[PDB]
Structure formats: structure tokens, C-alpha cells
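Take a look at this single chain, the form deposited in one PDB entry, given in C-alpha cells.
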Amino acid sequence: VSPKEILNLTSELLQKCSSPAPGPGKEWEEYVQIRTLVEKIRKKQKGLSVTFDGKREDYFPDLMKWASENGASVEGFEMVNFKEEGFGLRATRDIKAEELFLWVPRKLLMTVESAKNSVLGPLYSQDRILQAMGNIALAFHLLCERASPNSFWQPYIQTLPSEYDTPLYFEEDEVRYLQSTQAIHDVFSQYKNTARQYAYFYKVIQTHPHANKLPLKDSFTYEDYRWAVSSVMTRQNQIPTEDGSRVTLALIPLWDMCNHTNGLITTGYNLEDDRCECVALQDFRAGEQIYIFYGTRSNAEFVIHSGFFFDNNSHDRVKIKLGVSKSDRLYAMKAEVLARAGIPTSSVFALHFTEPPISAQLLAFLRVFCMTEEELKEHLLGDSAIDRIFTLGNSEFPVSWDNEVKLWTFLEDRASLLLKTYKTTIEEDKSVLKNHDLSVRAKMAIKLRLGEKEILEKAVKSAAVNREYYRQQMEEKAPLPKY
């Protein structure tokens, strides 16, 4: 055990994680190589630098007292360790839908601004990564205050979780389930980014005089950094600055204990009283868990950045990359039509599970992608060209029956091809889930890969139905809708 050996290992980790991508065909090998080095460092370290003697629930009364003294709502709910979601809020009285039941004044928040005014200030003013990335700044703000026994935010920090279910905590064999999916590339990136950032800041803290007064100067472990970035990614929020002219990132105590259910966003910032405010998403009877709607994120985003998979996520989606090929004889015209419509020539679009499967922007792209030369000219020239562009994203106004048949044929074939790039089938995934006993983290990975394929399969079916509908219109010579 010596600081010189850790210094050698973090320098090696920094060089490893600063190399360019080796190509997608070797990203798994790179991932396992980085994991091996991270685990060697982690085994030579002492876990979290600061731990607390009490149990998590021992500190919730201090959280309530502290939040109360600073103007937050503390009546009408209690914290309960639920099996499905972990700790959350439970109503102790009936709460009506749309009732303002939770509010948190700005003084309680941890923000990039409070990070700047903290012991981290001097190093923040020097390091270009901290100034550019408020989320990393929040993460170091958390660590510095965690290790400061007299911190104003100790009541909040002592009630935070000590572990998360972000992919940073997954075993190698749990991530292995995601081989061949879209999501695993984001898992790879998160792991490499996090390891690179840990090694970079480890060296920066050692060399920068502005870091001399930080507790991190005496102890800063990989576990510290993984915990801090996972705390921030699973709980951070965008709020306006005090003057309302800019946005900043913040952790919001007490309210961020609410778990997620489907619905609408009911939390907003009140500038006049300078506090976060939450109205009830639905009626909550006494004894019922209080939920909020986190946002319209996909299950890939919930797994990677929030650490959970949400069954019956009505906003689930997968990505699909499309572009006009520069070998297309009509490339120049198609690119100009797309540019006039505000759509890039190449982009990553979404396929949605809830109807409709494609957005107005993807419909517009696909229509132009399949246009004939005569149709392109009608979107480029003359007194109706602008009108024709205006309707490109509108399912009710096709370019022509032929254009629709072609684009839905294309999407059906592409979604089918994408399904064929996965290592397992939908039926195999359901069999794994039914016949094996798995961890929470393993189930998150398998449900994620199942969900990608189920969205693609629904897209194939919806494109096939649409192809048949427009082929009927074409064969019946139906008059084209005119806007």
C-alpha cells in the first residue's frame, strides 16, 4: 500500500481511457481491459472515503428538521423503504390531484453556483473541465461537502444512497447481456468517460495548488467518483438562475426522494418565491406512495442515467440512423429540400413504441428520401414549393401514393434488417426471463435488449400495414388530399 503505486495505476488508466475508440468491433475488448484496471485500483483502495455510522433512515429526521428550518414543506408524508423502488415518500393524509404539496426553497439546493462559492471555488476557477461541465462540477461539490463534517448540506448528503444500479455498478456478465444492442455503446462510453475523469482529476488534485484545502487532496477513491457521478446523473435537475436569465444544474433535497410513475411533469420552479414546487400528479390516499413523472425518457436512458428499467414506459423508443447517400443521383436536390425544411442530410432519428411510430421530422425525411426528380422539383421551384415543404411532416398530406408506398416499404425492410443484427430473438429473451433466476441488474439488461427488438418488430408491422393502405389508394386511383 503506497501512494506511488496508485499514482502509477491512475496514470496508466488515464492513458488507456484517453486513446481513441478502437472501432466498434473491439469496444467490448477495450471495455473489459478498462474494467480490469479499474477493479485493480478499486481493490487497492478503501471504498468510499467518508462513511456514516448510522443507517440511512437514521438520518431522515435530520433531513426534515433541516429542510423545515429553511422553509420547505415537511408535513403530510413520510419516508418508507419500498421493495420495488427503494426509499420513497408515502402520504400520511389524502392528497388531491393538483394540490401543491411539496416545495423546496433555493437555499437548500446544491447548484453549480454553490459549488463555485464553496471550498471547490479556487480549483473550479482554474480547471477547464469543471467550468464546461456543470454535472461534473456538481459531482465534486457533493464529494467535497460529503467530506466536510460541518457542511450546510450534511443532512441531505447523509440520507443519499450509498450505491446505485447505473451500469457503472454492473458485473461484467450483466453488461455482456447487452452485446449487439444499441444501448451497449452508451454503456461503454459511460464507463470509459468515468474512468478517464477519475484518473484525470486524481492527477489534477495532486498537482494544482488550488486543491490544497480540499479533503479530496488526502483521499479520493474510484468509489468516491463513481458514487458522486451516479448521485448526480440519477438525481440532477435543470432550474433557472436567480435572475431567471440562464439555466443551471441542481440537486433538490427532499423532493428528489419521489420515485417515478407514468404521467405528466408537475414540478416547476417558482421564481417569485425562489423555490421548487410540486403539485400532485394524481390523487394519493393516506398510505399510498407519492410518485412524480420524471420525464419522457426511454428505458435506455432510465437504465443508463437513472439506474432503473420502467415497465410500460409509454415514451420508449430506439434510434435509427438515416442519411441521403452522396452516390444518389438526386443527392443535391434531396439535400436542398431537406435543408429548406430544416432537416439535416444525415441524422439519428427515433422509432417509437406508442403510436405514431415515426415523428413528423422522420416522416418528412423519408418522403424526401424516396422522392422522384419531378417531385423534388415541385418542392424546389414555383409559387407552391414553400407550401409543399410546409406539409412534409403531416401524415394527412402525402407527396403521392407512390411516395408513401416506397417509404413504408423502405422502413419495413430497414426495421427488419435491424432486428436481424441482434444476437437473440424476442422469443429467446422471454424464455431467459421466464426460466432463469436473475438479479435486478441482469433483468434490467435483458429487458432493455428485449425492448429494443419489440419496438423494431412493432415498426415492421406498422410499416407493413401502412404500405398496404397506400397501395390500396394507389390501385383505386383515389384523389390525393390537397391542403
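Definition used throughout: the rigid core is the maximal C-alpha set that superposes within 1.5 Å between two forms. Numbering starts at 1 and runs along the sequence shown.
### Message
Is it the case that, in at least a third of the other entries compared (those modelling both flanking residues), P20 has no coordinates?
### Response
Across the other compared entries, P20 is absent from none.
### Message
Using only C-alpha atoms and the B-factors in the entry, which stretch averages higher, 256 to 264 or 344 to 352?
### Response
Result of the comparison: 344 to 352.
### Task
Would you tell me which stretch averages the higher CA B-factor in the PDB entry, 110 to 118 or 172 to 180?
Between 172 to 180 and 110 to 118, it is 110 to 118 that shows the higher mean C-alpha B-factor.
### Task
Specify which of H210, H315, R235, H379 carries the largest Cα B factor in the deposited PDB entry.
Max CA B-factor in the entry, restricted to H210, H315, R235, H379: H210.
### Task
Quick one: which of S245, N81, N299, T159 shows the highest Cα temperature factor in the PDB entry?
Comparing C-alpha B-factors across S245, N81, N299, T159, the maximum falls on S245.
### Query
Against its chain's modelled residues, does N435's Cα B factor rank lowest, middle or highest third?
It falls in the top third of the chain.
### Task
Name the third of the chain's ranked CA B-factors that contains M474, choosing lowest, middle or highest.
Highest third.
### Query
Ranked by Cα temperature factor within the chain, is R128 in the lowest third, the middle third or the highest third?
For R128, whose C-alpha B-factor we compare with every modelled residue in the chain, the answer is the highest third.
### Chain thirds of CA B-factor: placement of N403
According to the entry, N403 has a C-alpha B-factor in the chain's middle third.
### Query
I290: which third of its chain by C-alpha temperature factor?
It falls in the bottom third of the chain.
Beyond what is shown, the protein has a form deposited in another entry; the following relates to that form.
#### Entry: Rigid-core fit between this form and the one not shown, the member of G86, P161, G244, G382 whose C-alpha shifts 2 angstroms or more
The listed residue whose C-alpha shifts by at least 2 Å is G382.
#### Entry: Rigid-core frame, C-alpha of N435, shift of 2 angstroms or more between this form and the one not shown
Yes, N435 moves 2 Å or more.
### Message
Rigid core superposed, CA of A286 - does it shift 2 Å or more between this form and the one not shown?
### Response
Not so; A286 is displaced by less than 2 Å.
### After fitting the core, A132 CA displacement of 2 Å or more between this form and the one not shown
Stays below the 2 Å threshold, so no.
### Task
Regarding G307 and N435, go with closer or farther for their CA spacing in the other form versus this form, the difference being 3 Å or more.
Relative to this form, closer in the other form.
#### Entry: in the other form, whether the C-alpha atoms of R90 and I265 sit closer or farther than here (change of 3 Å or more)
Result: closer.
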